[PDB]
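In: pasting the structure only:
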RNA sequence: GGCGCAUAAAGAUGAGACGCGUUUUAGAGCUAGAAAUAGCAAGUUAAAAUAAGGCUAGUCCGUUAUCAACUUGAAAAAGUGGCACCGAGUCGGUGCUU
DNA sequence: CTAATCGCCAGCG
DNA sequence: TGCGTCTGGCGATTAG
DNA sequence: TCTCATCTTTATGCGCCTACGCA
């Protein structure tokens, strides 16, 4: 009794099948536990397993970073108040208390309602004086009177709370405050344009006044200020309205300059650097320092509060209780911004910032890896390249390798004098000094060398000496200096780390040395290449690479030679399952899929009677391309850039050159791919800044999940942040269409990028689906499952060998199984049911077993029979929902009872709050409740929804929690928890999956016979054949003679919808729509039948479109029947069941 | 199947920062009216919060991953279900033998 | 009169 | 003995 | 949206190792 297992791995499914030698699938009677009458189920050992897609940890990281900046901002304002507190309480000792409780309603305050001055007349006079805050900042900068302390605090707090960016470094008329003057100018232009437009629309269009200046739901002015209208929607609304009137020339000029009715705080203010606010702050401090003494006492503290920023290599200032921290302290105290550099050790933390990320040597797992631009690494690579070259000459019968003196003189002569060398320069420049040069034929290499001592060239250029770099006694010192130039990339600590070596070099070369910068880490450690030795040689690895007798062994032949003592040192140098899976590296989605398929194959081993299988057949997703297209997809970027530059008009490369290694940043590759212009406005682009402009995806990240070069476009700052969540509008198309079509001719961009560029010529969304992230995940997951199944299954070590092959792991390609499917007409359609996962897993097993055994033409009847079985165990994995508490938006107040509060003492009837929480799992309770006016105990049995916010408070103590919810006399033994996708069997074989708390989902499958899916696959793809046509007219007339089949297919849906669907309105509507289309060609009828099949899929209900009639979705919104149905508890494969009957509870 | 070098594409993990947006309050609305209301004036800013919160009280942590039931175990983790044969509308029946 | 049913809506550069 | 790898929540509305 | 750093996988070109069943 020997069997084999076929798997099929995807990103949302795992298909498993168990075959015998004759390609059968056995059936077995399994015992079912519980409290029902039936005690045995016959089931077939074939199935699939479906689950929700595992997601990445990016959004959690973004919200985790966003959580810290709010606490740091509150701490900044707390530091400012702690400075001001004493002199603030000297004059008005309720001011910060009034500022802290301004959010509360008029009766929840404990003080006067006006926050600044308390009384009414002072607040009214203050707001009549300064209409904004920028008037106050300009007045405090310019004037020289002793201002009130509260206005000074308000100006300083507004400067500190919003402070600007930090991209530039160092430092950077009638007034000294240009920003406040610019905002005051914008405010005055707004006022003048408003009164002019008001008078003009009063004159020329008296009927359209209320729609503009009074409606709050439209996109007029009253919708621009109070409603939810942006600037672009308001401009697009108002532009034809004043284009139709007369006397609006300057307003159209301003609207074409985007300076009409503008606000102060808007979206494109992000370009303001913090030096402007710093100048305004220093100005008002130097102005008012004479009156108040304590402003002059600690001006530098207040200026330090604004400019302080935690460096990116230090990290979160923890105290040994975080999970992401690496900071180390020199003391134990509180880290204010004033004593930062007197507490935290910057050097050790900056070293641990880098060292915690890098790899280990994969051959010596305790040593750290060498830098990439190190000297020993470059020597190793260039000798490993040189010690396998072969030359043939005039007196050469059999070819030979080089000599140790020859390889010494070669690296002494031409490698140490050129950046990159060629094969022609090696044949000419060296062999001109050699007599034996006549018929040189050099094999094993290509036209140029792919290894270079470029760090040696930069060091001889800097230090201007060869005697220091030629010696060996300096050697380790050189290693150390490269380490410093890889670790600390901030030129304040490099001087402290490098002061020990300036006693050997000059001062000018020391000043020119610290501007050097390297990056990248290698793949091997220095204890592998110079630490270990051989037994009796006295030679290291690199000593063998300098000279190796006659063999000229390379690195792999060195560390795999059994005649030496390297393999034994590697072998003498070289836990839980879920811990090892957590110890893997990669995306968590393939971690989920790997864990599921390992649990499935382990459980299948456990089912079959503890016997290990013979073969395990998996299908991978790697290919074997051709050399032409493979090298065309491997050609560099300086090919394509120079080709397009040669094709079109070009003057940018006259004074701005570009090599093939300097072009790797995405803010320069797009600058040269777009010929030095902004792609949303015809204007000249700069390279002197090259960072202040922004890269933007054409289709936004909200709708799609791609960030490739076919979607990224480098634009200006205001153009990217002008649009938010849409393809750019038809004005951008009508302006830049000719320029984009000119750039399309040079083949800089593709047709898909230009298709995404003008999606607005069709709509904001035409349709999604096929994304190459799944193509990454499938390849990763099949490589991992092959490695871990070979590691886990075969355990017994052989004595003189590695192990004993008790079970083989075979890996196949999809081309072979698709060829087998296309040969013998075993077709498949993805849009009928979910049986195709189990079916192609079975096909993988059959093809792999037959290809190993035989090389088959007699027995196809058993394959055609098992490809039409009605019973396939489909299991949807029950999960417990975790994530956000509710929707993120904040709804305004209403008198409803489904508004979750935002804080503890903020009642939602007067403050508003969140809404629609996410239900983690449900429970089945039974108790007695007071029935309102009767108020006596009446028996109930219903479903509760435990949200994510209340999960801990439920699991702490359930009885008092749901007692305070409004229940009494409950049975704690009779509480059943129910996660998502819990399975209920109702009457007549109708299955339902519990969606959240009052919603269900369709559970049954559709078993369609093989003749119908064969005729339906041939009915589609009619005009195509994917090749040359022969013997397909018989297939065409076979489709033509079987139209009646299609009518039967409608019957095959209809009675099924009478059994488990119960959605009769959509059913007879769509059969009427089918009866109104009994005359079309067969191709369109099949193309719409495959759209009709989404009525009876598994899972959530959906909406679709038959011909032009759109059928909307019938949702299931009642859970008062699954209280009296059979609850199923399924295993990981669905072979082990536990059936609870809920009708006998009570 | 697995390494080392060069080129290119697709991504992943972590740290530091900006700019908005949303919600309540504050910015005394005037006139004619019993009024349901109508005419008129006005609008650009600020405070606070930005997952409820938690204890380990940090300028820290709180949306990723693990998760069927049953019997043990504090958890970690372990254990729990007979075989052939004829057939097939979501699995049925037959004989062995427990 | 309370439970189906329709239609809208969902933090971002 | 050699050789290839999108779906639930919610208000407004209707039907019973 | 900006700045910084480190990793994986895939395909070509060059050199090289081995497991193991297949011709």
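Out: Received, thanks. Numbers count the residues shown, from 1 in each chain, chains lettered A, B, ... in the order given.
In: Residues of the stretch 201-350 of chain A that sit close to DNA strand D?
Out: Taking C-beta under 7 Å from any atom of the strand as the criterion, DNA strand D has no neighbours within the stretch 201-350 of chain A. (C-beta placed from N, C-alpha, C; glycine too.)
In: Which residue ranges of the stretch 201-350 of chain A form helices?
Out: With DSSP state H, counting those that start in this stretch as the definition, the stretch 201-350 of chain A shows helices at residue ranges A:209-213, A:221-225, A:231-244, A:249-255, A:274-288, A:293-297, A:299-307, A:346-355.
In: for the fifth one, packing partners?
Out: Under the contact definition 3 or more C-beta pairs under 8 Å, 6 or more residues apart in numbering; DSSP states H and E, helix A:274-288 sits against helix A:134-142, helix A:149-161, helix A:178-204, helix A:299-307.
In: could you redo those helices as JSON lines and give each row mean neighbour count and distance to residue A:974?
Out: Converted to JSON lines, those look like this (neighbours: other C-beta atoms under 10 Å; distance: least, C-beta to C-beta, whole Å):
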{"stretch": "helix A:134-142", "mean neighbour count": "20", "distance to residue A:974": "67"}
{"stretch": "helix A:149-161", "mean neighbour count": "18", "distance to residue A:974": "55"}
{"stretch": "helix A:178-204", "mean neighbour count": "15", "distance to residue A:974": "67"}
{"stretch": "helix A:299-307", "mean neighbour count": "16", "distance to residue A:974": "60"}
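In: Whether the top helix by length along chain A contacts RNA strand B - can you check?
Out: Ordering each helix of chain A by length in residues (DSSP state H) puts helix A:58-89 first. Yes. Applying C-beta under 7 Å from any atom of the strand, one finds helix A:58-89 in contact with RNA strand B at A:58-61, A:63-77.
In: now do stretch A:310-330
Out: Yes. Interface with RNA strand B: stretch A:310-330 contributes A:310-319, A:321-325 (C-beta under 7 Å from any atom of the strand).
In: In a markdown table: the helices of the stretch 201-350 of chain A, plus distance to residue A:795.
Out: What follows is these, written out as a markdown table (distance: least, C-beta to C-beta, whole Å):
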| stretch | distance to residue A:795 |
| --- | --- |
| helix A:209-213 | 79 |
| helix A:221-225 | 71 |
| helix A:231-244 | 66 |
| helix A:249-255 | 76 |
| helix A:274-288 | 62 |
| helix A:293-297 | 75 |
| helix A:299-307 | 62 |
| helix A:346-355 | 36 |
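In: Tell me which of those lies nearest to residue A:390.
Out: With distances scored as C-beta to C-beta, the stretch of the helices of the stretch 201-350 of chain A nearest to residue A:390 is helix A:346-355 (41.3 Å).
In: Next secondary structure after the closest one?
Out: Per DSSP states H and E, helix A:346-355 leads on to helix A:375-386 as the next helix or strand towards the C-terminus.
In: following that next one, which helix or strand comes up?
Out: Using DSSP H and E, the first helix or strand after helix A:375-386 is strand A:390-392.
In: okay, now the domains of chain A?
Out: Per the record's domain assignment (CATH domains of a matching chain), chain A is made up of the domains A:2-64+A:575-623+A:778-881, A:65-164+A:269-309, A:176-268, A:365-574, A:631-777, A:882-979, A:980-1143.
In: Using a markdown table, lay out the ones you listed together with distance to residue A:346.
Out: Conversion of those to a markdown table gives the following (distance: least, C-beta to C-beta, whole Å):
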| stretch | distance to residue A:346 |
| --- | --- |
| domain A:2-64+A:575-623+A:778-881 | 24 |
| domain A:65-164+A:269-309 | 14 |
| domain A:176-268 | 33 |
| domain A:365-574 | 7 |
| domain A:631-777 | 25 |
| domain A:882-979 | 37 |
| domain A:980-1143 | 49 |
